[PDB]
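Asks: Here you go, one structure.
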Amino acid sequence: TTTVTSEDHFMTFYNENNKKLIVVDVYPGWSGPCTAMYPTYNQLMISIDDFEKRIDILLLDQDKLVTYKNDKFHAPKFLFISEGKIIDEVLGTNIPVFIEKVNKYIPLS
Amino acid sequence: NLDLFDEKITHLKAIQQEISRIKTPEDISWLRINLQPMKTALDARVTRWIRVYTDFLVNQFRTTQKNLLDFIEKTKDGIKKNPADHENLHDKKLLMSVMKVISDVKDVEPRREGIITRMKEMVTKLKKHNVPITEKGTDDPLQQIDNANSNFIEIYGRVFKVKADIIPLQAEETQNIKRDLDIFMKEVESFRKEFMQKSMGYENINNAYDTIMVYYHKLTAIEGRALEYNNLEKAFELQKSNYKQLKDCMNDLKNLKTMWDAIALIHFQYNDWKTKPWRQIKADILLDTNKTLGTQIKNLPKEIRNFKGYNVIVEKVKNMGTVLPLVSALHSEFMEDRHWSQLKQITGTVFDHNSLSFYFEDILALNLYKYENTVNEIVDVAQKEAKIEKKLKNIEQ
């Protein structure tokens with residue numbers, strides 16, 4: 001996974017993982033988000049990079065890159081980058097149990 | 001539709017006359033009211049709405065004539081025999097004239113109606129004498145283009161028959177090369193699918209990336225074959241079939257890519273299991289084993305269809321699940337050192353029930369499927385013995 005700090009950082013991390021998918025996580029579901037974001041990032045990175053690989057996650061901390069990716073797409077914020085370009089955007093805040101269901105769905109092409 | 005547009009335009013002309021009549025003279029209702037200025041404003045807006053329907057093809061006619069004129073210009077070039085090259089460029093126009101001739105004739109009837117429909121509900125003449133002159137001019141060039149196209153087509157057919165023999169000889173060579181490339185692409189995706197991480201990492205991911213590059217090269221070659229078939233044209237069924245064969249190879253490549261992604265997810269789970277063995281902890285192992293077994297079962301159910309040889313990799317998942325299950329039996333704290341030792345003697349494992357943090361990795365070597373049975377017998381014996389031992393604790397105390 002790529003950790004990002006900008007919509008520019010989000011997009012860079014997506015472009016740098018062109019073969020698979022780079023998911024930019026902009027902000028999180030509150031509630032002491034930073035430490036929780038890093039902890040989820042570690043489990044998602046093993047599910048993202050190790051287990052499914054398919055996907056590296058880059059926890060946007062904290063700007064509006066998600067909104068920028070959505071604006072670019074025309075198609076918490078989750079912006080999926082393929083070869084650095086937004087291809088799939090979803091918004092909402094989810095708990096860890098919800099994330100496990102998302103891992104089963106992964107990995108998208 | 002064009003007919004709907006004509007009906008709407010006639011209705012609009014009727015509406016204009018009705019609106020002009022509908023203003024009426026100054027009406028007196030205690031204070032005199034004049035709609036004279038208001039009536040002019042309504043007429044202005046009514047004309048603009050009427051103008052859009054009337055000017056619909058006003059801009060379009062010039063654009064169609066501008067586009068139509070270019071086709072005639074190609075026809076004016078003509079020339080028989082001479083250079084083969086020119087034939088490849090000119091030959092496409094005939095393929096375009098046929099499609100345009102059929103579709104254009106169908107499109108011609110509504111266009112004729114549209115000019116006529118406006119004339120009925122528009123008293124004013126558009127472009128004066130030029131619009132009627134324009135229709136006559138288009139008809140004379142269209143007829144000239146048709147005669148030119150027939151002569152061009154007879155010449156085109158003889159030269160194209162020679163071109164057609166050349167096209168099949170070249171096509172057979174290209175088809176053999178394409179079949180070899182397709183076999184290589186099928187082998188590249190299959191090799192990545194055949195390779196199993198569990199354990200192996202990075203190289204398998206690199207192989208998948210290399211396979212995608214090979215697929216991209218095949219797609220470029222496939223695009224070239226389709227373009228050559230389009231240039232050849234002649235409504236050849238075989239050319240369409242060749243494109244379909246390339247599409248089937250692409251679908252197989254897509255299935256291989258999906259299989260590679262599934263293998264990576266399985267590898268991540270395997271990596272987590274290796275980390276758990278170093279971490280060890282009987283309480284932690286029991287919770288981890290139950291979670292691992294559920295995730296492995298879900299992954300096996302999700303996998304379906306794709307390509308052959310999936311079952312050979314799929315079986316591995318079953319082995320991993322068995323290994324996870326064998327580990328769960330050890331998670332029992334009922335077994336003591338003597339109990340573990342008896343089991344250890346049968347097992348032959350140097351590691352004891354609680355030997356190290358890194359003991360979980362040691363447990364993996366004894367296969368779970370191969371050794372849950374003997375582990376279980378012991379796990380049971382131990383659990384049985386403590387029920388008594390615990391009884392004695394009561395009598396004792």
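Naming works like this for the structure tokens: A, B, ... for the chains as they're shown, residue 1 at the start of each chain, ligands 1 onward in shown order.
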Would you mind listing what lies within 9 Å of segment 66-75 of chain A as a ChimeraX atom specification, with only C-alpha atoms counted and same-chain residues fewer than 5 positions away left out?
Replies: /A:7-8,10-11,24-27,60,80-81,85-91
Asks: Can I get the selection written as a CSV table (one decimal), in the first residue's frame, with C-alpha atoms?
Replies:
```csv
chain,number,residue,atom,x,y,z
A,7,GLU,CA,-4.9,14.8,-3.5
A,8,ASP,CA,-1.6,15.0,-5.4
A,10,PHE,CA,-3.2,10.1,-3.5
A,11,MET,CA,-2.9,10.4,-7.3
A,24,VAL,CA,-6.7,6.3,-1.8
A,25,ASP,CA,-8.5,6.4,1.7
A,26,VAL,CA,-9.3,10.1,2.3
A,27,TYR,CA,-10.0,10.7,6.0
A,60,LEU,CA,-4.9,10.2,2.5
A,80,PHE,CA,-9.4,3.5,-6.8
A,81,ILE,CA,-6.6,4.3,-9.2
A,85,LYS,CA,-6.2,7.3,-12.9
A,86,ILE,CA,-9.5,7.3,-10.8
A,87,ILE,CA,-11.7,4.5,-12.0
A,88,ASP,CA,-14.0,3.8,-9.0
A,89,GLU,CA,-15.1,6.1,-6.2
A,90,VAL,CA,-17.1,5.4,-3.1
A,91,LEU,CA,-17.9,7.5,-0.1
```
Asks: Between chain B and chain A, at 7 Å or less, what are the per-residue closest atom pairs and their distances in Å? Count only C-alpha atoms, order by chain and rising residue number, and return it as JSON lines.
Replies:
```
{"residue": "B:209", "atom": "CA", "partner": "A:19", "partner_atom": "CA", "distance": 6.5}
{"residue": "B:261", "atom": "CA", "partner": "A:54", "partner_atom": "CA", "distance": 5.8}
{"residue": "B:262", "atom": "CA", "partner": "A:52", "partner_atom": "CA", "distance": 6.4}
{"residue": "B:264", "atom": "CA", "partner": "A:52", "partner_atom": "CA", "distance": 4.9}
{"residue": "B:265", "atom": "CA", "partner": "A:52", "partner_atom": "CA", "distance": 2.8}
{"residue": "B:266", "atom": "CA", "partner": "A:51", "partner_atom": "CA", "distance": 5.4}
{"residue": "B:267", "atom": "CA", "partner": "A:51", "partner_atom": "CA", "distance": 5.3}
{"residue": "B:268", "atom": "CA", "partner": "A:51", "partner_atom": "CA", "distance": 2.7}
{"residue": "B:269", "atom": "CA", "partner": "A:51", "partner_atom": "CA", "distance": 4.9}
```
Asks: Could you take the residues named above and write them with C-alpha atoms, as a PDB file, in the first residue's frame?
Replies:
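Everything below was put into part04.pdb:
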```
ATOM      1  CA  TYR B 209       2.789  -8.202 -14.968  1.00  0.00           C
ATOM      2  CA  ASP B 261      -5.195 -12.007  -8.377  1.00  0.00           C
ATOM      3  CA  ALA B 262      -6.816 -14.917  -6.443  1.00  0.00           C
ATOM      4  CA  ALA B 264      -1.974 -13.252  -4.537  1.00  0.00           C
ATOM      5  CA  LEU B 265      -4.866 -13.075  -1.995  1.00  0.00           C
ATOM      6  CA  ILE B 266      -4.156 -16.738  -0.990  1.00  0.00           C
ATOM      7  CA  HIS B 267      -0.409 -15.895  -0.638  1.00  0.00           C
ATOM      8  CA  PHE B 268      -1.240 -12.972   1.733  1.00  0.00           C
ATOM      9  CA  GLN B 269      -3.306 -15.371   3.926  1.00  0.00           C
TER      10      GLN B 269
END
```
Asks: Step one, run DSSP on the backbone; step two, keep only residues of chain A assigned to helix (DSSP H, G or I); then write them as a PyMOL selection string.
Replies: chain A and resi 7-15+33-51+65-73+96-105
Asks: Find the residues around segment 78-91 of chain B up to 9 Å (only C-alpha atoms counted), leave out those fewer than 6 positions away in its own chain, and share them as a VMD selection string.
Replies: chain B and resid 148 152 to 153 155 to 156 159 to 160 163 231 to 232
Asks: Which value, in Å to one decimal, gives the distance between atom CA of residue 118 of chain B and atom CA of residue 11 of chain B?
Replies: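 Interatomic distance here is 10.9 Å.
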Asks: Near segment 31-35 of chain A, counting only C-alpha atoms, which residues have an atom at most 10 Å away, once you skip same-chain residues fewer than 5 positions from it, shown as a ChimeraX atom specification?
Replies: /A:40-41,59,61-62
Asks: Include N, CA and C atoms and write out the residues we just selected as a short mmCIF file (atom, residue, chain, number, x, y, z; two decimals), in the first residue's frame.
Replies:
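Heads up, here's the output in selection_34.cif:
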```cif
data_model
loop_
_atom_site.label_atom_id
_atom_site.label_comp_id
_atom_site.auth_asym_id
_atom_site.auth_seq_id
_atom_site.Cartn_x
_atom_site.Cartn_y
_atom_site.Cartn_z
N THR A 40 -5.91 0.01 10.63
CA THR A 40 -6.71 -0.63 9.55
C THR A 40 -5.79 -0.81 8.34
N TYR A 41 -5.00 0.22 8.07
CA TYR A 41 -4.02 0.26 6.97
C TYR A 41 -3.08 -0.92 7.14
N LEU A 59 -3.51 5.79 2.66
CA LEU A 59 -4.43 6.52 3.59
C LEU A 59 -4.22 8.02 3.51
N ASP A 61 -4.05 11.61 4.34
CA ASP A 61 -4.03 12.14 5.73
C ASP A 61 -3.77 13.65 5.69
N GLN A 62 -4.68 14.44 6.25
CA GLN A 62 -6.10 14.44 5.81
C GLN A 62 -6.35 15.72 5.00
#
```
